[PDB]
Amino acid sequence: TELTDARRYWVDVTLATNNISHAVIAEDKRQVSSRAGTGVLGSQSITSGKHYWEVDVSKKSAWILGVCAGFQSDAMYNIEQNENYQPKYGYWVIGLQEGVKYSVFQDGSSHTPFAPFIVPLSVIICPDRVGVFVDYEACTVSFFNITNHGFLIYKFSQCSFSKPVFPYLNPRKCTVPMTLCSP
(Lines of atoms letter the chains of each structure in order from A and count residues from 1; the text may use other names and numbers.)
(Lines give C-alpha, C1' and ligand atoms only; values in the text may rest on other atoms or scores of the structure.)
Protein backbone atom coordinates (compact mmCIF):
# COMPACT_ATOMS: atom_id res chain seq x y z
CA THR A 1 0.00 0.00 0.00
CA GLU A 2 2.67 2.49 1.06
CA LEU A 3 4.89 0.62 -1.40
CA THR A 4 2.18 0.46 -4.06
CA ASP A 5 1.77 4.23 -3.76
CA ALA A 6 5.53 4.78 -3.92
CA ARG A 7 5.80 2.65 -7.06
CA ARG A 8 3.58 5.11 -8.92
CA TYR A 9 6.70 7.27 -9.04
CA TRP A 10 9.08 4.62 -10.33
CA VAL A 11 11.90 6.32 -12.26
CA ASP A 12 14.57 4.92 -14.59
CA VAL A 13 17.82 5.31 -12.66
CA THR A 14 21.16 4.79 -14.39
CA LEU A 15 24.53 5.24 -12.71
CA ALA A 16 27.14 7.91 -13.33
CA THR A 17 30.76 6.91 -13.75
CA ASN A 18 32.83 8.97 -11.33
CA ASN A 19 36.53 9.30 -10.72
CA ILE A 20 36.53 9.06 -6.98
CA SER A 21 35.38 5.42 -6.64
CA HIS A 22 37.06 2.04 -7.01
CA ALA A 23 33.55 0.87 -7.97
CA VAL A 24 33.02 -0.97 -11.25
CA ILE A 25 29.93 0.10 -13.20
CA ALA A 26 28.55 -2.18 -15.93
CA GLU A 27 28.41 -0.93 -19.52
CA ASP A 28 24.64 -0.37 -19.32
CA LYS A 29 25.07 1.72 -16.14
CA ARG A 30 22.51 -0.37 -14.22
CA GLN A 31 24.83 -2.55 -12.17
CA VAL A 32 27.78 -1.85 -9.86
CA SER A 33 30.20 -4.06 -7.95
CA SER A 34 33.47 -4.04 -6.03
CA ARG A 35 36.93 -5.23 -7.09
CA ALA A 36 38.69 -7.84 -4.99
CA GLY A 37 42.35 -8.77 -5.07
CA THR A 38 44.60 -9.02 -8.08
CA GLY A 39 43.86 -12.51 -9.40
CA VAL A 40 43.49 -13.00 -13.15
CA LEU A 41 42.50 -15.99 -15.29
CA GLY A 42 43.61 -17.31 -18.65
CA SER A 43 41.14 -16.54 -21.43
CA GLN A 44 40.51 -20.15 -22.46
CA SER A 45 38.91 -22.77 -20.26
CA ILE A 46 40.38 -26.23 -19.85
CA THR A 47 37.84 -29.08 -19.84
CA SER A 48 39.91 -31.90 -21.30
CA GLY A 49 43.42 -33.03 -22.13
CA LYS A 50 46.87 -31.87 -21.07
CA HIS A 51 48.03 -28.26 -20.86
CA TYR A 52 51.41 -26.77 -20.01
CA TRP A 53 52.49 -23.14 -19.60
CA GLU A 54 55.34 -21.23 -17.95
CA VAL A 55 55.28 -18.12 -15.79
CA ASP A 56 58.30 -15.87 -15.37
CA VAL A 57 58.40 -14.51 -11.81
CA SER A 58 61.89 -12.99 -11.94
CA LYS A 59 62.61 -10.49 -9.15
CA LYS A 60 59.09 -10.81 -7.70
CA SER A 61 58.86 -10.91 -3.91
CA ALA A 62 55.31 -12.25 -3.91
CA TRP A 63 52.80 -14.10 -6.11
CA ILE A 64 50.16 -16.79 -6.41
CA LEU A 65 49.93 -19.09 -9.39
CA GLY A 66 48.26 -22.28 -10.54
CA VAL A 67 44.80 -23.25 -11.69
CA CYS A 68 41.37 -21.90 -10.75
CA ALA A 69 37.80 -22.92 -11.60
CA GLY A 70 36.82 -19.24 -11.57
CA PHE A 71 35.69 -16.46 -9.23
CA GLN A 72 32.15 -17.83 -8.77
CA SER A 73 32.71 -18.81 -5.12
CA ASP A 74 34.88 -15.81 -4.26
CA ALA A 75 32.18 -13.88 -2.40
CA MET A 76 30.89 -16.67 -0.16
CA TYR A 77 34.31 -17.37 1.37
CA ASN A 78 35.85 -13.95 0.66
CA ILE A 79 38.54 -15.72 -1.31
CA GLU A 80 40.48 -13.02 -3.13
CA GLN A 81 39.94 -10.56 -0.30
CA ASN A 82 41.47 -12.86 2.33
CA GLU A 83 43.59 -15.13 0.11
CA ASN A 84 41.35 -18.04 1.09
CA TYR A 85 42.53 -20.28 -1.75
CA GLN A 86 41.47 -23.91 -1.29
CA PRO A 87 40.98 -26.87 -3.65
CA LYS A 88 37.44 -27.22 -2.27
CA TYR A 89 36.73 -23.69 -3.56
CA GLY A 90 38.29 -24.44 -6.94
CA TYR A 91 41.87 -23.26 -6.42
CA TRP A 92 44.99 -25.37 -6.93
CA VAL A 93 47.74 -22.85 -6.29
CA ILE A 94 51.14 -22.28 -4.74
CA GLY A 95 52.49 -18.93 -3.59
CA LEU A 96 55.43 -16.83 -2.52
CA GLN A 97 55.56 -14.08 0.08
CA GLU A 98 58.27 -11.92 1.65
CA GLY A 99 60.77 -12.91 -1.02
CA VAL A 100 61.61 -16.36 0.32
CA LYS A 101 58.51 -17.97 1.89
CA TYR A 102 56.93 -20.49 -0.50
CA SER A 103 53.70 -22.28 0.38
CA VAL A 104 51.01 -24.51 -1.07
CA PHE A 105 47.35 -23.70 -0.37
CA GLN A 106 45.36 -26.66 0.91
CA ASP A 107 41.84 -27.33 2.21
CA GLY A 108 41.33 -25.98 5.72
CA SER A 109 39.00 -27.03 8.52
CA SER A 110 35.31 -26.30 7.86
CA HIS A 111 35.26 -25.07 11.47
CA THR A 112 37.26 -22.09 10.22
CA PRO A 113 36.12 -21.93 6.57
CA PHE A 114 37.44 -18.41 5.88
CA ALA A 115 41.10 -19.43 6.23
CA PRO A 116 43.03 -21.98 4.19
CA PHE A 117 45.58 -24.47 5.43
CA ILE A 118 48.91 -23.09 4.29
CA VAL A 119 51.75 -25.58 4.03
CA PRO A 120 55.36 -24.42 3.69
CA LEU A 121 57.28 -25.64 0.66
CA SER A 122 60.97 -26.44 0.95
CA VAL A 123 62.53 -24.37 -1.82
CA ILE A 124 66.32 -24.33 -2.07
CA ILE A 125 66.84 -22.86 -5.53
CA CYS A 126 64.45 -19.93 -5.93
CA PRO A 127 62.48 -20.23 -9.19
CA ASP A 128 62.76 -17.39 -11.71
CA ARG A 129 60.26 -19.37 -13.74
CA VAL A 130 57.57 -21.89 -12.83
CA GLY A 131 56.04 -24.45 -15.16
CA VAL A 132 52.39 -25.38 -14.61
CA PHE A 133 50.96 -28.62 -15.98
CA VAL A 134 47.34 -29.67 -15.88
CA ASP A 135 46.31 -33.19 -16.80
CA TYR A 136 42.53 -32.80 -16.81
CA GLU A 137 41.80 -36.49 -17.38
CA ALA A 138 44.14 -37.59 -14.58
CA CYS A 139 42.96 -34.70 -12.36
CA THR A 140 46.42 -33.42 -11.48
CA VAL A 141 48.12 -30.03 -11.35
CA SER A 142 51.93 -30.01 -11.31
CA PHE A 143 54.40 -27.20 -10.63
CA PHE A 144 57.96 -27.36 -11.95
CA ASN A 145 60.98 -25.31 -10.90
CA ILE A 146 62.43 -24.35 -14.28
CA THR A 147 65.43 -22.74 -12.58
CA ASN A 148 66.16 -25.96 -10.70
CA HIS A 149 66.50 -28.42 -13.59
CA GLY A 150 62.71 -28.57 -13.88
CA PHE A 151 62.33 -30.53 -10.65
CA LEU A 152 58.79 -30.87 -9.30
CA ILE A 153 57.83 -28.32 -6.63
CA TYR A 154 54.39 -29.73 -5.86
CA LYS A 155 51.64 -31.82 -7.39
CA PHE A 156 47.92 -31.72 -6.54
CA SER A 157 46.33 -35.12 -7.17
CA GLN A 158 42.73 -36.29 -7.28
CA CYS A 159 41.57 -32.79 -8.20
CA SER A 160 37.81 -32.23 -8.31
CA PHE A 161 37.64 -31.38 -12.00
CA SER A 162 33.84 -31.28 -12.38
CA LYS A 163 33.98 -27.76 -13.78
CA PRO A 164 36.05 -25.88 -16.35
CA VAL A 165 39.39 -24.69 -15.01
CA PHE A 166 41.74 -21.86 -16.02
CA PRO A 167 45.35 -20.77 -15.63
CA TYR A 168 45.48 -18.51 -12.56
CA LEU A 169 48.01 -15.71 -11.93
CA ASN A 170 48.17 -13.18 -9.10
CA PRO A 171 51.00 -10.61 -8.78
CA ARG A 172 50.00 -10.25 -5.09
CA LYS A 173 50.84 -6.61 -4.25
CA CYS A 174 54.35 -7.02 -5.68
CA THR A 175 54.68 -4.42 -8.44
CA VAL A 176 57.08 -6.49 -10.54
CA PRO A 177 55.20 -7.98 -13.50
CA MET A 178 54.74 -11.71 -13.95
CA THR A 179 54.85 -12.93 -17.51
CA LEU A 180 53.60 -15.84 -19.57
CA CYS A 181 56.54 -17.22 -21.56
CA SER A 182 56.39 -18.70 -25.04
CA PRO A 183 55.71 -21.11 -26.53
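Note that residue numbering begins at 1 and tracks the sequence as displayed.
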query: Between 108-116 and 72-80 (mean CA B-factor, as deposited), the higher; finding: 72-80
query: 164-172 versus 8-16 - which carries the larger mean C-alpha B factor in the record; finding: 8-16
query: Member of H51, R129, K29, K59 with the greatest C-alpha B factor (per the PDB record); finding: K59
query: Third of chain Cα B-factors occupied by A36; finding: highest
query: Record-listed C-alpha B factor of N145: chain third; finding: middle
query: Ranked against its chain, the third holding the CA B-factor of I124; finding: highest
query: Modelled-residue ranking by C-alpha temperature factor, third containing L96; finding: middle
